[PDB]
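>>> Could you work out the structure for the sequence below:
(2 chains, ligands or ions: 7)
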Protein chains: 2
Amino acid sequence: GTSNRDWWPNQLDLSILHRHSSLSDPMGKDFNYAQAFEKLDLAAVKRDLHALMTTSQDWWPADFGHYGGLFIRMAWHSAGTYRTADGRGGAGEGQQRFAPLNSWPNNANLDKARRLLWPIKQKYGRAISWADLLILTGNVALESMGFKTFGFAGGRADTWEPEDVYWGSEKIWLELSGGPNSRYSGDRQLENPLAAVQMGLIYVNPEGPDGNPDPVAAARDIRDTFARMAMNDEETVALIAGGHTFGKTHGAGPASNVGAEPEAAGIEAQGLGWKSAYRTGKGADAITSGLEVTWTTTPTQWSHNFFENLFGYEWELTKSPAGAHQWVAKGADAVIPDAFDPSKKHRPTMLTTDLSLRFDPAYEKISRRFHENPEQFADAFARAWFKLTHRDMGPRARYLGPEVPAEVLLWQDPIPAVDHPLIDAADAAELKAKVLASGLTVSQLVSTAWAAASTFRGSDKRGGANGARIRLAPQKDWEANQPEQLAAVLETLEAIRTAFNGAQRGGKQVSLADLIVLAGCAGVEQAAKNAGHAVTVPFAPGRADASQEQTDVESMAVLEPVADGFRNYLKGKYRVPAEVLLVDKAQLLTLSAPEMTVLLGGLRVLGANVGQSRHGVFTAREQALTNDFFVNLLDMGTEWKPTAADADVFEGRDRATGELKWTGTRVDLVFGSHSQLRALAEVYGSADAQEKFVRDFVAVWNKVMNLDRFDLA
Amino acid sequence: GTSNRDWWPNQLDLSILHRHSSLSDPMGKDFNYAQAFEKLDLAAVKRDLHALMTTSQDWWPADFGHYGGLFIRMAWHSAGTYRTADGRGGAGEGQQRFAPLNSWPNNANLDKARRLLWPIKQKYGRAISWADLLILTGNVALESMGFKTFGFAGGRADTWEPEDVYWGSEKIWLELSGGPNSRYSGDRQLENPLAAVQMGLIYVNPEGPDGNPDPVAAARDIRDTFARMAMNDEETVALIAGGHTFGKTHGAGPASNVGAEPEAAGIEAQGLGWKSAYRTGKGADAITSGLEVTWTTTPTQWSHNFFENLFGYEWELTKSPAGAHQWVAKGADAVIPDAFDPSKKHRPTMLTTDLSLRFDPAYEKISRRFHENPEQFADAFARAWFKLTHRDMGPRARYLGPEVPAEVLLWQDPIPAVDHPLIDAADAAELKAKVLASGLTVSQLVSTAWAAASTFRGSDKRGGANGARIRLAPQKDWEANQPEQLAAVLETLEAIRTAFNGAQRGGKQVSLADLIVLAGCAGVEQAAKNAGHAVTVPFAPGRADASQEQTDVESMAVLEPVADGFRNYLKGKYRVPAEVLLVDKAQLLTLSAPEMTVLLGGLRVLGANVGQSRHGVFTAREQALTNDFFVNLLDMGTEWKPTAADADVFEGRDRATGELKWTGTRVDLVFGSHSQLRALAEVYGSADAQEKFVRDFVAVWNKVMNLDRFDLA
Ligand code: HEM
Ligand code: HEM
Ligand SMILES: NNC(=O)c1ccncc1
Ligand SMILES: [Cl-]
Ligand SMILES: [Cl-]
Ligand code: NA
Ligand code: NA
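Numbers count the residues shown, from 1 in each chain, chains lettered A, B, ... in the order given. Ligands and ions are numbered 1, 2, ... in the order given. Sharing the structure here:
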């Protein structure tokens, strides 16, 4: 059946905004996963998982009699899709069980690992999500094999459909770079927001870059991709050597024996894939990656034998039984046990990417320190494994259960505890009146609160107004945030704050984070009053102020808005059209298409544009909250044409006289072009819509202000 | 950006079940369009529409100074997409304003027509939907030009995203037959469910079949496509000759002058398309179809001149200025006015498909009767226009406003009014006990109620249990309904009814329609008791019994379920896989994926399969309401393989012994294969889910029982 996507393959796709409706969710509207999890007997779950580790099933026999390595790989892959550029991927939604990730080639035979967990999932039901269970299972694997983990938090609610994520433009699985849809350009520059080297890989190619078995060059890909997953050199070496302390790879015969991935398999395979024609198709005969490497002399026990081997031998290039490049220890004895035959032993082997840890000079120094000091290795690996598996969980307030680590980590963008009474409704009214009396304008107040709150992204639940990090480096100097204007607003608000807090007794105080949001609320109320309408904008106090020392400036860089259609802002010229970047931002903000539309039309008339640009300011009463954006956009009395100077800016002229009325960008005019967005604009641009527009705007404004408020959940 | 659809283009699409969520709808979840419409000043809207008819806009000047013809075509096209096979298409959701229909070649320049209506839409806002407005505008065009319509009903709620409809598999607009994706096979057999001859046409090609200008062969396409839109010969002749009493076609220059359709046009086009480079691109120079035909001497006034011309001249094949085949009257004077230049007149002209009305022998007889008896033509056209524009609105209970025709029409599948007290809760308890005492089984009761209620489709709101049409021809004879078993259940229910009704005082009586549904509820209650659960199933009385004479047997044929996965039924072997047909049925039933899943799993264990087939009956306690289907489907102890005899039947064997445990179809096993379906199955097959399963099943069962109950809206 030919679809709209077939006919108009470049039109904008709004369905990414309308995933995760209550229609597709089997749980009731009132289901609360946190409440279910908090009553889970987590210790009982862990005992069952511990038993599972050595209870082999004949349809996928356990290597060495222990599933621990398989499950560590499973949990690593669950977390390993994460990209810092947009926060998408990661373990936090349990997306490994859906397309496409369930069928990525790098996830081969993890379908078996997930199937092994069904009995436990079935026993505990809604009290433990798949998302939490995948990570917990990796922790229990580690613990069962003698490794002390740093901790665990539950709270990853399950999702019920695939996320819409850009994973690359290639049309062939694992396509080597330089094809018509190459994700590389220039001197091996990987396109943002991607964090893997080939379509269907987690980070890098275990043979080397595009299959070339050079550990030094592989190291460059490792470093780049791991940085794009928020890991530095120390963390990267800890993770790779830690993981590859356990288990083995699978490449017992040629890869042509392996059939369809799960999404392509027959209905009779019942959700499994990669069925192999090679001998028994499993166990001793398994083929997963096509490599055949077992790293340590005790693959089911924590050790420091990975580094002992890495440094204690020299390495020779060889081929697996599937023909993949890998390495074997020169002159070594057969000291590595076989996974099924207790009469057989093997020489030590390594991947190209394992040898990167010795032959890249910066890695080598870390690896040597870990080799000489395995206690340092263990601690770094535990910390990095926690970070890996929790990176997308959001604020520590979301962390559930009895194993949450008490240590507060810089990468968590921590928010201090509140230790004092909060302002009440009367205090909030007093503060709003003081803000408005200071002379701060509607545009200032709205723009500042928008800047503070709209860094949130639901993909990894980073950002938002909590913390008042807009006053700190680097947010205070982001171009989109208008640094000089921002500085002036913050100085005025801080003076109001100081005066209010100095007059209190009893320890009541207001944070700057709360006052920035409250001041924005005052701006929206005043805009409504300018339009002839009395409204109260909801406000919830309880945000706290983070310090500079509690803020990782490098990690905060990825939250810079380089495109923010809600402020008609584009930092430079991109290949992706601006309207597509608007929809991407709306998806990060968790907005529906109606929410996006209302919010944008209101912001335009409130003065939220960066640089006080007139683009899209389709009103003669700026700083009044009206539906003028929609009424004027949809007026057929105005004709629109791209300018000569800039094809992405349009002039709106009176159709009869030629008089110039307005200018607008693609982000403005898409609302009058796209047939679904125009239908939404029409509702808000109708003669009966003033009250609806104001109410819906206040609601979406309050939603955005509260995106990071997991303390109120 | 490569998507799951790209990688696995044949996997099932569940997003069709989760369209139209509260996320994409700008209106609040309590918005009730009927209540808004009932307060509309319809008379005021009609005055504005009358004014609009002759208020020409320079960007699309009105032919003859009157937009009536353009608007009649607009309304006809809104309605004209309807297919009786599935009830999809039609005017009832206002889908002409979305992709793909906004951009079908046959809808060229209807974008202008809709844009002319924006000021009225804006003025009245939510109180008149686009869907209602497009039809009302057609009516007012007719009335303005002297034709008295049969009536009008409001109540078509707007929709907010494109419907997922199979419109064909061709990848080229307007592709002629016999291509790689031909919609024709054999002796010009059009594939079900399609009702147009080429992709992007409403019914037929105005030049003739595949462009061949043979009026006799064109007639055959007209007859077939119109029958597939619920119209017979008399209705067809009336509609075509009635329509083409008005207005003109547009083909002033070559089609190559016409640019991108709306969904392909630039953002500056602001939702319009088909911009033409030919002369002024509009008005006298307009190009729409490429034909240049004006049918009558008074194109802006109702006349009897269509049939005067058709019969009063002989016709000669000629070409328009765009090169399209059309016909001109031999020897005629220039009697037809020009649309813009009062100094120009034209000879009479006709389309190939207009000539069909004279040269097809069956149409000729009707045409001649209408020519000789113009009052019969007027009445038939009025009735056919009403039917055309209301065919998909459902029961008369949905019809709103002061212009609804009193006359009840056979095509409305009318239900008699209820004129007596209804049964109360005490009576329902008594009837359910009598039903269960009669010896009717859970399987019989559930199967019968399912058969009765599940004929509903939300696409045109036909079918459902109201009317008790399951007892009439042709429903009583449908194979899926198990005619012999059905007859025995109905006989027993009618005897219960007769005895109950005979004992009543006052006018109280129960309809068979109600008793069928109530008896099914008793079956479900009994099944729940069989499983140790105390469950009350909701029941709403007030259905009435329709007569045979109120039940058009030929129109009912399209409701026959030839595939019903909920009863594991397939009447024959089809090209579309059975699980795709299941999702299609769920969509017509208005079910989400969780609802479909719960419903199907319950029906399997209640004995609802046609012929008491064991396929998918994954329980050892049939006729008990349990979640056994899910728990057994998901048991990895069982391995599945297609049978030798039949690749669409699967055998489930114990993995360890090889012993046969179950058999199932594609419809059964898809719930264990599709990664989103299996996630839903997992919820219901978990150890904590028995009560959830029962309560969700009762809810969806009741939903299906009430689907046609617009008397309770
Ligand atoms: C440069 C990064 C990495 C590369 C190229 C890589 C590559 C691979 C490959 C090719 C396999 C074999 C798959 C199969 O044939 O079964 C594998 C297995 C494994 N990887 Fe890694 N890996 C990397 C990082 C990691 C990390 C960060 C961890 C966890 C902290 C991890 C833990 C494991 C474990 C436990 C296995 C063994 C699976 C088993 O016993 O079934 N890997 N890796
Ligand atoms: C066999 C079925 C039909 C065919 C092939 C057909 C074909 C066409 C074509 C080619 C045009 C010219 C479009 C353009 O160039 O502007 C047209 C115009 C029109 N059709 Fe039909 N038509 C059919 C049935 C109907 C019906 C059922 C109605 C309404 C009851 C109708 C009402 C009109 C009107 C009013 C116009 C004039 C539009 C104008 O004045 O702008 N047609 N038709
Ligand atoms: N394509 N549209 C339908 O199938 C439909 C629409 C509304 N309710 C049920 C089904
Ligand atoms: Cl994601
Ligand atoms: Cl439809
Ligand atoms: Na994420
Ligand atoms: Na329909």
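>>> from here on, contacts and neighbour counts on C-alpha atoms
Noted.
>>> if I look at residue A:176, how far off is ligand 6?
26 Å (C-alpha to the ion, to the nearest Å).
>>> should've said residue A:150
When distances are taken as C-alpha to the ion, residue A:150 and ligand 6 turn out to be 22 Å apart.
>>> what about the nearest residue to that residue once chain neighbours are set aside, how many neighbours?
The shortest distance from residue A:150 to any residue other than its chain neighbours is 5.3 Å, reached at residue A:382 (C-alpha to C-alpha, 6 or more residues apart in numbering or on different chains). Applying other C-alpha atoms under 10 Å in any protein chain shown, we find 23 other residues in the vicinity of residue A:382.
>>> can you check residue A:112 too?
When neighbours are counted by other C-alpha under 10 Å, residue A:112 comes out with 18.
>>> That one: what secondary structure?
Using DSSP: H, G, I helix; E, B strand; the rest coil, the secondary structure recorded for residue A:112 is helix.
>>> Then residue A:326?
Criterion first, three-state DSSP; result for residue A:326: strand.
>>> Can you list the residue ranges for strands in chain A?
Listed from the start of the chain, chain A has strands (DSSP state E) covering A:184-185, A:189-190, A:315-319, A:325-329, A:336-337, A:345-346, A:349-350, A:563-564, A:569-570, A:638-642, A:649-654, A:660-665.
>>> The fifth one and ligand 1 in contact?
The one in question is strand A:336-337. No - residues of strand A:336-337 contacting ligand 1 under C-alpha under 6 Å from any ligand atom: none, with a closest distance of 13.1 Å.
>>> which residues does the residue nearest to residue A:150 contact?
Under the criterion of C-alpha atoms under 8 Å, 6 or more residues apart in numbering or on different chains, the neighbours of residue A:382 are A:148-150.
>>> Kindly report the domain assignment for chain A.
With curated CATH domains as the criterion, the domains of chain A are listed as A:1-167+A:373-407, A:168-372, A:408-564+A:689-713, A:565-688.
>>> How about the shortest one and chain B, touching?
Just to be clear, that refers to domain A:565-688. Yes - judged by C-alpha under 8 Å from any C-alpha of the partner chain, domain A:565-688 comes into contact with chain B through A:592-594, A:640-642, A:650, A:666, A:669-670, A:672-676, A:678-680, A:682-683, A:685-688.
>>> Give me the subset of these lying in helices.
Secondary structure from DSSP state H places A:593-594, A:666, A:669, A:675-676, A:678-680, A:682-683 of the residues of domain A:565-688 next to chain B in helices.
>>> And the residues you listed, which two are furthest apart?
Between all members of those, the longest pairwise span (C-alpha to C-alpha) is found for A:666 and A:683 and amounts to 20.6 Å.
>>> Redo the domains of chain A as TSV? Include distance to ligand 3.
As requested, the domains of chain A are exported to TSV (distance: least, C-alpha to the nearest ligand atom, whole Å):
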stretch	distance to ligand 3
domain A:1-167+A:373-407	13
domain A:168-372	26
domain A:408-564+A:689-713	26
domain A:565-688	17
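>>> any idea how far ligand 5 is from residue A:479?
Relative to ligand 5, residue A:479 is positioned 47 Å away (criterion: C-alpha to the ion).
>>> What about that residue, how many residues nearby?
Using other C-alpha under 10 Å, the number of residues around residue A:479 comes to 16.
>>> What of residue A:658?
Here the number of neighbours of residue A:658 (other C-alpha under 10 Å) works out to 11.
>>> For the residue in the stretch 101-250 of chain A that ligand 4 sits nearest to, give its distance to residue A:230.
In the stretch 101-250 of chain A, the residue that lies nearest ligand 4 is residue A:163 (5.1 Å; C-alpha to the ion). As judged by C-alpha to C-alpha, to the nearest Å, residue A:163 and residue A:230 stand 21 Å apart.
>>> before we move on, what about residue A:31?
Relative to residue A:230, and taking C-alpha to C-alpha, residue A:31 is found at 33 Å.
>>> neighbour-wise, which of these two wins?
In terms of neighbours (other C-alpha under 10 Å), residue A:230 is the more surrounded of residue A:31 and residue A:230; the figures are 19 against 11.
>>> For ligand 7, what is the nearest residue in the stretch 151-300 of chain A?
For the stretch 151-300 of chain A, the nearest residue to ligand 7 under the criterion C-alpha to the ion is residue A:161, separated by 27.3 Å.
>>> wouldn't that residue be in contact with residue B:676 here?
Yes - in this structure residue A:161 lies within contact range of residue B:676 using C-alpha atoms under 8 Å: 6.3 Å.
>>> Which neighbours do those two have in common?
Counting by C-alpha under 8 Å, 6+ apart, the common neighbours of residue A:161 and residue B:676 are residue A:98.
>>> Spatially nearest residue to the residue of the stretch 251-400 of chain A at minimum distance from ligand 6, not counting backbone neighbours?
Residue of the stretch 251-400 of chain A nearest ligand 6, by C-alpha to the ion: residue A:392 (5.5 Å). With sequence-adjacent residues excluded and distances taken as C-alpha to C-alpha, 6+ apart, residue A:392 is closest to residue A:460, at 4.1 Å.
>>> Just give me the neighbour total for the one you found.
Per other C-alpha under 10 Å, the neighbour tally for residue A:460 reads 25.
>>> That one and residue A:394 touch, don't they?
Yes - under the criterion of C-alpha under 8 Å, residue A:460 is in contact with residue A:394, at a separation of 6.0 Å.
>>> residue contacts, the residue of the stretch 151-300 of chain A closest to ligand 7?
Residue A:161 neighbours (C-alpha under 8 Å, 6+ apart): A:19-20, A:24, A:98, B:676.
>>> Which of those residues fall in helices?
Among those, DSSP H puts residue B:676 in helices.
>>> What subset of the contacts of residue A:161 is buried?
Applying a neighbour-count criterion of 16 or more other C-alpha atoms under 10 Å in any protein chain shown, the buried members of the contacts of residue A:161 are A:19-20, A:24, A:98, B:676.
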